[PDB]
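Colleague: This is the structure I want to talk about, given as structure tokens.
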Amino acid sequence: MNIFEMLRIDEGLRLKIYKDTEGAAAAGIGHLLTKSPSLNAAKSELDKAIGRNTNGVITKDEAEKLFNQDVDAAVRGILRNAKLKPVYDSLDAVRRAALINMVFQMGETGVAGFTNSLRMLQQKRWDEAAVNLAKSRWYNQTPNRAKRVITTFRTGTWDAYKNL
């Protein structure tokens, strides 16, 4: 199990533009295209991202290419962030993947906002961090995914993804 397999499980794979959990236009493996409600705006962003006229459909190879770029961008996003880098550096390899998962899902700005949880993660207060991470719109909007991520932060193992 690794970060690509983990996010692949949480994001799924769609070879056509689709609305994500929160209405935004997305495609492939959780690749956010636009918050805009325009199907034309989303299509335009997809063509731009892929470099060709997709007409809203992409191949598996293209979904994966976008996926590699997005994971890479999530990591570098974490490493350039003053609030996130310290937390990331203090974590073991499995928990680092959990932090990357969150950033991939809600952006470094959103995650950097989980101030108290980050502090708790830094101090390695796993169970307190888990409780605090659950008191969020994030958890309430996407409970099944949030608990797999929270469980990963709490235990330091891949158990929450093992049964999947």
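Chain labels A, B, ... are given in the sequence in which chains occur in the structure tokens; within each chain residues are numbered consecutively from 1, and ligands are likewise numbered from 1 in the order shown.
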Residues within 8 Å of segment 60-69 of chain A, please, as a compact mmCIF listing (two decimals) with N, CA, C and O atoms, in the first residue's frame. Count only C-alpha atoms; anything in the same chain fewer than 5 positions from it doesn't count.
Modeller:
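Final file, part_7.txt:
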# COMPACT_ATOMS: atom_id res chain seq x y z
N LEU A 13 -11.91 6.29 -10.03
CA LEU A 13 -11.45 6.63 -11.37
C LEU A 13 -12.61 6.79 -12.34
O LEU A 13 -13.35 5.84 -12.57
N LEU A 15 -13.41 8.25 -16.28
CA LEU A 15 -12.83 8.70 -17.53
C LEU A 15 -13.69 9.72 -18.26
O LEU A 15 -13.57 9.89 -19.47
N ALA A 27 -12.50 15.24 -13.02
CA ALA A 27 -12.31 14.18 -14.00
C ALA A 27 -11.15 13.29 -13.53
O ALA A 27 -10.33 13.69 -12.70
N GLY A 28 -11.09 12.07 -14.06
CA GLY A 28 -10.01 11.17 -13.71
C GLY A 28 -10.01 10.71 -12.27
O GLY A 28 -11.01 10.22 -11.76
N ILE A 29 -8.87 10.85 -11.60
CA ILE A 29 -8.74 10.43 -10.22
C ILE A 29 -8.74 11.65 -9.31
O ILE A 29 -7.70 12.08 -8.80
N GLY A 30 -9.93 12.19 -9.10
CA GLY A 30 -10.07 13.36 -8.26
C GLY A 30 -9.43 14.63 -8.80
O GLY A 30 -9.13 15.53 -8.03
N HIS A 31 -9.19 14.72 -10.11
CA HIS A 31 -8.58 15.94 -10.62
C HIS A 31 -9.61 17.06 -10.76
O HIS A 31 -10.41 17.07 -11.71
N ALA A 49 -5.65 20.94 -19.58
CA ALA A 49 -4.89 20.05 -18.72
C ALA A 49 -4.28 18.87 -19.49
O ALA A 49 -3.16 18.45 -19.21
N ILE A 50 -5.03 18.37 -20.46
CA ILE A 50 -4.61 17.23 -21.27
C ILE A 50 -3.82 17.64 -22.51
O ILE A 50 -3.01 16.87 -23.02
Colleague: Report the residues of segment 4-149 of chain A whose backbone DSSP state falls under helix (DSSP H, G or I), written as a PyMOL selection string.
Modeller: chain A and resi 4-11+39-50+60-79+85-90+93-112+115-122+126-134+137-141+143-149
Colleague: Would you please work out which residue, of A:19, A:57, A:108, A:71, is nearest to residue 85 of chain A when using only C-alpha atoms?
Modeller: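 Closest residue, counting only C-alpha atoms: A:108.
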Colleague: How would you write, as a count of residues only, the set of residues in chain A that DSSP gives as strand (DSSP E or B)?
Modeller: 15
